[PDB]
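So the sequence lines, in the order shown, correspond to chains H and L.
Numbering-wise (our numbering), the first sequence opens with residue 11 and increments by one.
Numbering-wise (our numbering), the second sequence opens with residue 216 and increments by one.
Note that CB positions come from ideal geometry on N, CA and C, so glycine has one too.
Worksheet: the structure to be examined is printed underneath.
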Amino acid sequence: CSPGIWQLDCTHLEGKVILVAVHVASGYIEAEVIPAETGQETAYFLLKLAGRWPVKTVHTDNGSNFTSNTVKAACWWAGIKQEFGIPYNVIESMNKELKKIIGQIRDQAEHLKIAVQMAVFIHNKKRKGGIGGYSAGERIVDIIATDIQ
Amino acid sequence: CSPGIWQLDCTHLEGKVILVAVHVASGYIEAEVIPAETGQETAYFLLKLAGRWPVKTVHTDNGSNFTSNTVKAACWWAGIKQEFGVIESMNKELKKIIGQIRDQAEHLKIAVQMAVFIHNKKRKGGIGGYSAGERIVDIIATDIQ
């Protein structure tokens, strides 16, 4: 998988909206509770993501927030190719994993948005079986560093 | 400078609050307009940062948002050394870039992210070498061995 490829989508929990991005090659994720499932919030999130990593292509759903003029303008400005594919054709399974972790730690936080970030942390730091090997957070840095050469 | 060391501070622009984090060894930054200069918002930002990078130490000032029990608890939970005893120069640089592109966006928060992008992708003189975003990835990857 190319080091520049991400998948993005929204999932829902406690009547709130969570935007989730996955770096396909590594399994690293970033997620944010957003106030509304709008193009403005999606574009804001995409600009944050693009300033952090060398984002070349984002695969997204085809809902109005992802097809909005403001997401298109954000992608154009940041040099991101947006890909939609066949309508309703990694991200979904990641929604499920994220929600599982959130459930595991939900009582450890007072507000859902804090729990979301605790769950992202747990996901990105996790080593398979808890012993050695690499975490997703290490894999994304290794892949990107190697691509830079 | 150690790969795990960050500085965090708040700066102000257009009467709004911008939280700024700098990775000291690389010059890479993350920044966001926050609705209030509170411990809750600071802890949310710190937990985001900590989930992305191997954060070992954050240097902060001693204002009420950074000494709040919520920020202390976030650092404890994430295993981060919070030290109260580069970030200023970075506040100014960020503000300079924001000024350069401010008319390109409708809201300050979007302009802030455009400015972070410009900063993190910038090559010295615009020609070759590495950017701050490449430097942090190189430093961390190397530290992993």
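Interface partners of residue i on chain L, CB under 7 Å
i                     : result
residue 58 of chain H : 328
residue 61 of chain H : 328, 331, 332 and 335
residue 31 of chain H : The premise fails here: residue 31 of chain H is roughly 11 Å from chain L at the closest Cβ pair, so nothing lies under 7 Å.
Contacting residues, own chain, Cβ-Cβ under 8 Å from residue i (five flanking each side not counted)
i                      : result
residue 284 of chain L : 254
residue 337 of chain L : 346 and 347
residue 277 of chain L : 299
residue 251 of chain L : 232
residue 125 of chain H : 112, 115, 116, 118 and 119
residue 22 of chain H  : 28
residue 244 of chain L : 235, 236, 237, 238, 305, 309, 331, 334, 335 and 347
residue 76 of chain H  : 18, 49, 52, 70, 92 and 94
residue 302 of chain L : 222, 223, 224, 235, 237 and 274
residue 229 of chain L : 323
Chain-ordered chain L contacts of residue i [CB-CB under 8 Å]
i                      : result
residue 107 of chain H : Residues of chain L passing the Cβ test: none, with the nearest at roughly 14 Å.
residue 54 of chain H  : 324, 325 and 328
Residue i: contacting residues in chain L (beta-carbon distance under 9 Å)
i                     : result
residue 91 of chain H : Ordered by position in chain L, no residue passes the 9 Å Cβ test against residue 91 of chain H, which lies about 16 Å from the chain.
residue 96 of chain H : Within chain L, no residue comes near residue 96 of chain H; the closest Cβ sits about 31 Å away, beyond 9 Å.
residue 44 of chain H : Those do not exist, as residue 44 of chain H stays about 12 Å from chain L at its closest Cβ, beyond 9 Å.
Under 7 Å from the C-beta of residue i: neighbouring residues of chain H
i                      : result
residue 356 of chain L : 151, 152 and 155
residue 233 of chain L : Under the 7 Å cutoff, chain H gives no residues; its nearest Cβ is about 13 Å from residue 233 of chain L.
Contacting residues, own chain, Cβ-Cβ under 7 Å from residue i (five flanking each side not counted)
i                      : result
residue 128 of chain H : 115, 118 and 119
residue 84 of chain H  : 53, 56 and 57
residue 157 of chain H : 13
residue 312 of chain L : 330, 333 and 334
residue 265 of chain L : 293 and 295
residue 287 of chain L : 297
residue 123 of chain H : 43
Closer than 8 Å at the beta carbon, the chain H residues around residue i
i                      : result
residue 293 of chain L : 131
residue 302 of chain L : Within 8 Å Cβ-Cβ: nothing; residue 302 of chain L doesn't reach chain H, min ~18 Å.
Contact set between residue i and chain H, taken where Cβ atoms lie within less than 9 Å
i                      : result
residue 245 of chain L : 58, 61 and 62
residue 220 of chain L : By Cβ distance, chain H contributes nothing, its closest Cβ being about 16 Å from residue 220 of chain L, past 9 Å.
Contacts around residue i, its chain only, beta-carbon distance under 6 Å, and the 5 residues preceding and following it disregarded
i                      : result
residue 149 of chain H : 36
residue 103 of chain H : none
residue 225 of chain L : 232, 234 and 252
residue 256 of chain L : 249
residue 69 of chain H  : 17 and 93
residue 238 of chain L : 221 and 351
residue 355 of chain L : 218
residue 66 of chain H  : 14
residue 41 of chain H  : 28, 30, 126 and 130
residue 344 of chain L : 338
- Message: Ignoring anything shorter than 4 residues, give me the alpha helix (DSSP H) runs that lie fully in the region 85-134 of chain H, in order along the chain.
- Response: Runs found: 101-115.
- Message: Taking beta-carbon pairs under 9 Å, can you tell me which members of the region 134-149 of chain H lie near chain L?
- Response: From the region 134-149 of chain H, only 134, 135, 144, 147 and 148 have a Cβ closer than 9 Å to chain L.
- Query: Between the region 110-127 of chain H and chain L, which residues of the former have CB atoms less than 7 Å from a CB of the latter, in chain order?
  - Reply: Those residues of the region 110-127 of chain H that come within reach of chain L (Cβ to Cβ, closer than 7 Å) are 123, 124 and 127.
- Item | Those runs of the beta strand (DSSP E) which lie wholly inside the region 32-58 of chain H and span at least 3 residues | If we require 3 residues or more, the beta strand (DSSP E) runs fully inside the region 32-58 of chain H come out as 39-44.
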